[PDB]
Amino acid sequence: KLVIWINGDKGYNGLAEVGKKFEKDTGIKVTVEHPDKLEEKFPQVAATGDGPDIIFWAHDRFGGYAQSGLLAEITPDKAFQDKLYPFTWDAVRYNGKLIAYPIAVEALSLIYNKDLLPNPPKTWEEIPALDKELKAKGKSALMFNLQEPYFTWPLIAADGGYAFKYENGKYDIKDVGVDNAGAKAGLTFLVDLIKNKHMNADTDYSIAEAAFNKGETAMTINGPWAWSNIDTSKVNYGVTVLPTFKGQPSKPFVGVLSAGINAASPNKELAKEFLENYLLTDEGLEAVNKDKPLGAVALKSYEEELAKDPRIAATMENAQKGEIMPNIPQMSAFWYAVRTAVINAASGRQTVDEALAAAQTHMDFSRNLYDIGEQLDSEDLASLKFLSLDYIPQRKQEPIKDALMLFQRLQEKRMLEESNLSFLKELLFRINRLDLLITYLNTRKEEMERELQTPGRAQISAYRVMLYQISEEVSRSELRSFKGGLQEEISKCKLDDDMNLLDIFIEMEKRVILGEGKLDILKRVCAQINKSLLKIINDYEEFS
């Protein structure tokens, strides 16, 4: 029994129809579904072992699923792999191994106004001279969305800008630019167009779609989604290849709709030939495309069929000259760094060296939090969560799952930021990870030792540091003493063999028997286990 997931805005019951062609040769029927918000809830149900058999989604997300081993690696015959364009397999790889089947391909194209503009420029540089023309009778040359990088990245990446370097089958989180002479050359030309009036600088997505669909602008930059609302706009248009900057093709981000196979699925065996020899023919794709258009498709066979649409032939051409969008989670910092970096460069608020060098350092900063959290094993997380309790509500500490999430929660409450490492440095120092402090933060041990005597500099309250140092000198068996040497006392507790001594302190604060000035209970139970646990209390209680 095959079960397919796919979004509602797709041709899902055209997919349900190749699935009924399939069952009359098989008996095994498939039931396509469009669960609401399926991208978010597939990780949740697959770790239970219940996700559909096949999952249809954009490729960028499939990386996170594979990072958690939620998609098994497919095994297509190599003679099959040639049935599709070469680049579409670079989008379905993690650790170099193939993960999903490419289905469709999406990219931005140049969309012009044939009545207004009979011939499109081959070239970005032709446009200032051109906008000067149409300006002479109250119409702009180009108007497109400048509020997101996805629309401004093609010009920026043209001269050699890239997000992450894809080489020999996998990405390098270390190499990213964004701060190279290509990204600078493309952004300066963008910044100046605005500087010169050839583009108003608050042109959002809908302002541009207004100007174009009303014949106020010669051309725009958009994708196959905006085709519907300009077909009804009643303006004669065409879409072709984006102009060339510095003699080099504009590189838009390419999205690949892909079908992945669930790792915890009985039917991987049979899900393959459903995709290879029924869905991915001219027959299965024209079925889904006759429902709702797949845009341009990855299968070479049916693509040429669709290419006699001048529009599908163009979104395909830009896709080839384009940049396959990386499917790794470090890309969430890319959109922030670059969106804020074009918004400040184009407004005049920053230099393009200033803006882009700032974008670079934000990526180095977000990558460093990754590299740090990857060295923090699960016990260090329990320690870091207890030390962070003063400032992060443990309410929202149900969703906290790994060290990186703790770091992101701190960015939220603006105690960890690009310019303020002081709390993170103190956290690692408290939990005695001096190897990470030198390696990723350039901080000697004496320097932290000597940062925290300076008054009002240490943030973690000594009451927190006192309790953590006590949980450090208490073993599993020394804790079985604490557990039953406070049941001797009043409860004031549901305890159990699942709670470490730190979970006992939180649960004593929670009963208000252990506080910044409530230590009688604590001072007794420690004197019965290890006496020198008592001395830690007295030294803290010497400082007030």
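The first residue of the sequence shown is number 1, and the count goes up from there.
K.L.:
Looking at the deposited entry, does 62 to 70 or 511 to 519 carry the larger mean Cα B-factor?
P.N.:
Per the PDB entry, the higher value belongs to 511 to 519.
K.L.:
Looking at the deposited entry, does 213 to 221 or 142 to 150 carry the larger mean Cα B-factor?
P.N.:
Result of the comparison: 213 to 221.
K.L.:
Which has the highest CA B-factor per the PDB entry: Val32, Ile55, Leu38, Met499?
P.N.:
Within the set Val32, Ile55, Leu38, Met499, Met499 shows the top C-alpha B-factor.
K.L.:
Would you check the entry's CA temperature factor for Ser388 and let me know if it's in the chain's lowest, middle or highest third?
P.N.:
Middle third.
K.L.:
Using the B-factors in the PDB entry, rank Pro326's C-alpha atom against the chain and give the third, lowest, middle or highest.
P.N.:
It belongs to the lowest third of the chain when residues are ordered by C-alpha B-factor.
K.L.:
Quick one: classify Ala136 as lowest, middle or highest third of the chain based on its Cα B-factor.
P.N.:
Tercile = highest for this residue's CA B-factor.
K.L.:
According to the PDB entry, is the CA B factor of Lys246 in the bottom, middle or top third of its chain, that is, lowest, middle or highest?
P.N.:
For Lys246, the deposited C-alpha B-factor lands in the lowest third.
K.L.:
Among the chain's modelled residues, which third holds the C-alpha B-factor of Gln360?
P.N.:
Lowest third - that is where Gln360 ends up once the chain's C-alpha B-factors are sorted.
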